[PDB]
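Engineer: Encoded as structure tokens, here's the structure I'll be asking about.
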4 protein chains.
Amino acid sequence: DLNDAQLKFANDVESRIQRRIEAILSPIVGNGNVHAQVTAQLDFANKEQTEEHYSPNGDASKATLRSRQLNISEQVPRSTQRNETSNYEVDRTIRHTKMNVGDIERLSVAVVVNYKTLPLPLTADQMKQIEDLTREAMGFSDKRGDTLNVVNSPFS
Amino acid sequence: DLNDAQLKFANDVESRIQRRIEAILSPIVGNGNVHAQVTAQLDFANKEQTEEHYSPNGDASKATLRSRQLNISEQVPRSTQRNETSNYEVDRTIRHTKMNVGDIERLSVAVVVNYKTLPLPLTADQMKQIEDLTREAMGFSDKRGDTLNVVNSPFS
Amino acid sequence: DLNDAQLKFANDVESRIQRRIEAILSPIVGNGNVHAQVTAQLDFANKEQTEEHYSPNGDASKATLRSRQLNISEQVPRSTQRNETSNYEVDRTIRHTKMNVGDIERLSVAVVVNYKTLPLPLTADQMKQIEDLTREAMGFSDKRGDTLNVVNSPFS
Amino acid sequence: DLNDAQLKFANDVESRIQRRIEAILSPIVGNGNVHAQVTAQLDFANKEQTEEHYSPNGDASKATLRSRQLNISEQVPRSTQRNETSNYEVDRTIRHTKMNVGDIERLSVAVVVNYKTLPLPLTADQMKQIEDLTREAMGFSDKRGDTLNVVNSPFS
């Protein structure tokens, strides 16, 4: 039930990415001289989060007092006594978050391109441009651990 | 009942991976010169998790006080007395997680490719490219302990 | 009742593994020059687990205090007195797990392959490749104590 | 009533094992040059188990404190007094298990093979291979105390 829904949602995401890559790479190399395959991992867990934070008031120049009592005594044999009581007001921040179900976690993309026929291999600059365009199309994110591989080989 | 559902879901996942691998590897080696088989392990247990965390306040420059009392006395034979009471406010974080049922745990992939007929073995670079493409297609993850094996041998 | 269901589920698992092995090994050795048999052990017990964990706070640089009282006295014949009371906040983690019924525990696989007829035994490298392919197909796990045996002998 | 059900379940298990052994051993020695018999012991008792475990906190670097009081006094004739009170938080694990009824406890297998007719006894290597294949087919487990015996003798 739910598993089939997860499967077809993943299939649609992969198909969308593949269609974008094919559309962006089609004009340069040729109409049918490029193929791509995309596999994706999705998060289907339910998560909630609550965060509470307070601002430190260790410095007297930034503290906010509400009521203070200070008693000082001194007899002069030397005697000294000092009593102090303080009450503070503090700044606080509260945040509540409920995550979304069905977010992408990692991407792996493989691209295969054909040789140039006038059976001549493509130039290195053309390969670099193709890799850059594929990186743009697939939404590469280094923090997400995405991986891309492009191979140039004659078609059969 | 449930066991059959787990079996057919695993079968569909394996078939999807096999279809992706065959589609990506077909254009280079040939239409019918490659075969692959995929076996997968799935987690069907129910898990829940609750995490609570607190920020340390051992440093006075980062602590948040609410009420403090400090008494100091000194007679001068030397006598010294110091009393102190403190109350703190702390930052806390709470997270609740419910895992998904039916997640992949490990992958094992076997690929067999045919010889090049003009009965000539394929070049090492071609084998490396094929392994890289299969690694991309199968979503290899070293942390998940995935394993891949590719063998080149003439077909019967 | 339940025993027959366990038996036929085990039979289907074994048949699936056998079909995968036969499909992966068929193209190389031949259409009908290989046979395999698979036996599996399954866990049908009901298990539950609850885990509680706490983070140690033995180091003052990582502790989280809530209220602290510290009294110090000293007369100078030398007298010294020190009183201290502390209250802490701790991080805790709780996990609940319910296991799945019908999980594989161990696997034993036997494979028999035929001689090469032009009555010539197969090369050692071919045997190693066949063992590797069978290991990939059967989902071998050393931690699970799986066992595989492959024998090459002329067919009758 | 129940006894007959136990008997026929044991009979089906034995028949399944016998069929597997006959199928795996048939191609090599011959279609009808091998016979096997299997006897099994099954556990039909009802068992339950509950386990509770705690993590030791004898080392101060791994303990988790909640509230601590420490009083120290010293007069200098030398007098010393030290009072200490501690309260701890501990990690605990609870597991509940209900075993399955109808599990195998021990296996005994006897196999008889025929002579090679061109009335010639089989080679020792062939016997070793047959024993290994039978061991694989019957799911031998040394911890379970399984026992196997194979005899080569001319048929009558």
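Labels used: A, B, ... for chains in the order of the structure tokens, numbers from 1 for residues in each chain, and numbers from 1 for ligands as shown.
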Please extract the residues of chain C with a backbone DSSP assignment of strand (DSSP E) and present them as a ChimeraX atom specification.
Structural biologist: /C:34-43,46-54,65-75,79-88,92-98,103-113,147-152
Engineer: Onto chain A, please fit chain C by least squares using all C-alpha atoms in order, then return the transformed chain as a short mmCIF file (atom, residue, chain, number, x, y, z; two decimals) with C-alpha atoms, in the first residue's frame.
Structural biologist:
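Writing the result to result30.cif gives the following:
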```cif
data_model
loop_
_atom_site.label_atom_id
_atom_site.label_comp_id
_atom_site.auth_asym_id
_atom_site.auth_seq_id
_atom_site.Cartn_x
_atom_site.Cartn_y
_atom_site.Cartn_z
CA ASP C 1 0.00 0.00 0.00
CA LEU C 2 2.27 2.76 1.28
CA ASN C 3 5.37 1.05 -0.13
CA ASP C 4 4.00 1.17 -3.68
CA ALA C 5 3.22 4.87 -3.25
CA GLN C 6 6.78 5.53 -2.08
CA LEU C 7 8.09 3.57 -5.07
CA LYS C 8 6.07 5.46 -7.67
CA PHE C 9 6.86 8.84 -6.08
CA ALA C 10 10.56 7.97 -6.26
CA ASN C 11 10.05 6.89 -9.88
CA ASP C 12 8.42 10.22 -10.77
CA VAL C 13 11.22 12.19 -9.09
CA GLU C 14 13.85 10.18 -10.98
CA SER C 15 11.96 10.59 -14.26
CA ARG C 16 11.72 14.36 -13.75
CA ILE C 17 15.47 14.61 -13.12
CA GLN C 18 16.22 12.41 -16.14
CA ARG C 19 13.95 14.49 -18.38
CA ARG C 20 15.63 17.71 -17.23
CA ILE C 21 19.10 16.28 -17.89
CA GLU C 22 18.12 14.98 -21.33
CA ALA C 23 16.49 18.29 -22.28
CA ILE C 24 19.50 20.35 -21.22
CA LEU C 25 22.06 18.04 -22.85
CA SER C 26 20.15 17.35 -26.10
CA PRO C 27 20.92 20.52 -28.14
CA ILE C 28 24.72 20.26 -27.96
CA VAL C 29 25.70 16.61 -28.39
CA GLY C 30 22.70 15.68 -30.53
CA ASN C 31 19.10 14.54 -30.40
CA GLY C 32 19.85 10.92 -29.53
CA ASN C 33 23.55 10.80 -28.64
CA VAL C 34 23.11 10.91 -24.85
CA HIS C 35 21.52 8.74 -22.15
CA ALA C 36 21.20 9.19 -18.40
CA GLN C 37 19.95 7.27 -15.36
CA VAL C 38 19.09 8.69 -11.93
CA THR C 39 18.61 6.92 -8.59
CA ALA C 40 17.39 8.72 -5.47
CA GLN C 41 17.01 8.04 -1.76
CA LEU C 42 14.07 9.52 0.15
CA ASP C 43 13.31 10.05 3.83
CA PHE C 44 9.88 8.74 4.89
CA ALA C 45 10.23 9.06 8.67
CA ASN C 46 8.17 11.33 10.93
CA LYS C 47 10.18 13.84 12.97
CA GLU C 48 9.37 16.65 15.39
CA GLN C 49 11.64 19.13 17.14
CA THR C 50 11.36 21.71 19.93
CA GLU C 51 14.21 24.09 20.77
CA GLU C 52 14.55 26.49 23.71
CA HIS C 53 17.41 28.98 23.99
CA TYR C 54 18.43 31.65 26.49
CA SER C 55 20.72 34.68 26.23
CA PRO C 56 23.63 34.70 28.71
CA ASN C 57 23.76 37.55 31.23
CA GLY C 58 27.21 37.02 32.73
CA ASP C 59 28.25 40.60 31.91
CA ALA C 60 26.82 43.36 34.09
CA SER C 61 26.63 45.72 31.09
CA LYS C 62 24.05 43.43 29.43
CA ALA C 63 22.07 42.13 32.41
CA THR C 64 18.49 43.16 33.23
CA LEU C 65 17.72 43.50 36.94
CA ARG C 66 14.30 43.53 38.61
CA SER C 67 15.07 43.90 42.33
CA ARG C 68 18.42 44.32 44.08
CA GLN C 69 19.43 44.55 47.74
CA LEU C 70 22.94 45.59 48.81
CA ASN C 71 24.14 45.86 52.42
CA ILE C 72 27.62 47.15 53.29
CA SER C 73 29.24 47.49 56.71
CA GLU C 74 32.73 48.46 57.84
CA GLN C 75 34.31 48.98 61.26
CA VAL C 76 37.81 50.38 61.72
CA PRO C 77 41.43 45.73 63.79
CA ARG C 78 39.49 45.88 60.51
CA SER C 79 36.06 44.37 59.86
CA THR C 80 34.22 44.23 56.53
CA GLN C 81 30.86 42.72 55.59
CA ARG C 82 29.04 42.74 52.25
CA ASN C 83 25.67 41.18 51.40
CA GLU C 84 24.00 41.17 47.99
CA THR C 85 20.87 39.70 46.40
CA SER C 86 19.80 39.98 42.76
CA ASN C 87 16.87 38.99 40.57
CA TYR C 88 17.12 38.95 36.78
CA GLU C 89 14.95 39.01 33.68
CA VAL C 90 16.14 36.91 30.74
CA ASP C 91 15.48 36.70 27.01
CA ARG C 92 14.27 33.36 25.68
CA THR C 93 13.48 31.88 22.27
CA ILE C 94 11.23 28.89 21.52
CA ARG C 95 10.98 27.14 18.14
CA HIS C 96 8.77 24.24 17.05
CA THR C 97 9.38 22.33 13.81
CA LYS C 98 7.58 19.47 12.06
CA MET C 99 9.54 18.00 9.15
CA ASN C 100 8.19 17.02 5.74
CA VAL C 101 7.83 13.41 4.61
CA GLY C 102 9.42 12.56 1.27
CA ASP C 103 12.60 14.63 1.11
CA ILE C 104 15.65 13.75 -0.97
CA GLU C 105 18.76 12.56 0.89
CA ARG C 106 21.28 11.55 -1.80
CA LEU C 107 21.63 11.50 -5.58
CA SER C 108 23.69 9.34 -7.95
CA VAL C 109 23.78 10.18 -11.66
CA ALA C 110 25.38 8.31 -14.57
CA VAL C 111 25.64 9.84 -18.05
CA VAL C 112 26.88 8.21 -21.26
CA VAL C 113 27.68 10.24 -24.38
CA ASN C 114 28.44 9.13 -27.94
CA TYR C 115 31.51 9.78 -30.07
CA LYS C 116 31.63 12.53 -32.70
CA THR C 117 31.17 11.16 -36.23
CA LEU C 118 32.25 13.20 -39.24
CA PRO C 119 34.47 7.80 -34.67
CA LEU C 120 36.37 10.69 -33.08
CA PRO C 121 36.49 11.23 -29.29
CA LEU C 122 35.20 14.50 -27.88
CA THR C 123 37.53 17.20 -26.62
CA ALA C 124 38.30 17.55 -22.92
CA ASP C 125 36.75 21.04 -22.83
CA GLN C 126 33.50 19.67 -24.25
CA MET C 127 33.50 16.97 -21.56
CA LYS C 128 34.07 19.59 -18.85
CA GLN C 129 31.19 21.68 -20.20
CA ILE C 130 28.93 18.61 -20.28
CA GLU C 131 29.83 17.76 -16.68
CA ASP C 132 29.13 21.34 -15.59
CA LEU C 133 25.75 21.36 -17.34
CA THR C 134 24.80 18.01 -15.79
CA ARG C 135 25.88 19.29 -12.36
CA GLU C 136 23.64 22.32 -12.82
CA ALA C 137 20.70 20.24 -14.07
CA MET C 138 20.81 17.62 -11.30
CA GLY C 139 21.00 20.14 -8.44
CA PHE C 140 24.30 18.86 -7.07
CA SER C 141 24.87 19.47 -3.35
CA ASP C 142 28.19 18.53 -1.76
CA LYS C 143 26.67 18.51 1.74
CA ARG C 144 24.09 15.96 0.54
CA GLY C 145 26.82 13.64 -0.77
CA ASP C 146 25.68 13.63 -4.39
CA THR C 147 27.76 11.75 -6.96
CA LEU C 148 28.00 12.17 -10.74
CA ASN C 149 29.84 10.14 -13.38
CA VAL C 150 30.05 10.88 -17.12
CA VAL C 151 31.53 8.45 -19.66
CA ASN C 152 32.23 9.02 -23.36
CA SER C 153 32.17 5.87 -25.49
CA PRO C 154 31.04 4.96 -29.03
CA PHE C 155 27.47 3.71 -29.26
CA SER C 156 26.59 0.19 -30.40
#
```
Engineer: List every residue of range 11-91 of chain A that DSSP, applied to the backbone, labels as alpha helix (DSSP H), and write the result as a ChimeraX atom specification.
Structural biologist: /A:11-29
